[PDB]
């Protein structure tokens, strides 16, 4: 189902773009979110998008990251700009059960999700 992409290696100050391919229904109907898990840390929320298109972001990534969806392409994106070494972690997309989430602050909660992607690695070199 969920399949992340666009995860690679960049230098500090760079800007990367993640892609998460999903069904036609999930992209249009259910809460989705991006999460990251640094080594020795727990999976934390990065960005969330609600079925009405409303968005929310974790405090560390506000202003730099932008979550978006494309119903025509059945894809979720995370546009990350001005990347820092702290952003180095495994990034995951996740999709919620239909009808169980309507607010972006809820879509930011890892406990919401039972469907996750395999994860993509994102490494940023110290500048």
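Numbering follows the first chain given and starts at 1.
Chemist: Should the higher mean CA B-factor in the entry be assigned to 79-87 or to 54-62?
Modeler: Mean B over CA atoms: larger for 79-87.
Chemist: Using the B-factors recorded in the PDB entry, average over the C-alpha atoms of 37-45 and of 93-101, then report which stretch comes out higher.
Modeler: It is 37-45.
Chemist: Would you please rank residue 23 by its C-alpha temperature factor against the other modelled residues of its chain and give the third it falls in: lowest, middle or highest?
Modeler: Its C-alpha B-factor, which the entry lists for residue 23, ranks in the highest third among residues of this chain.
Chemist: Taking the entry's C-alpha B-factors for this chain, is residue 118 in the lowest, middle or highest third?
Modeler: Highest third - that is where residue 118 ends up once the chain's C-alpha B-factors are sorted.
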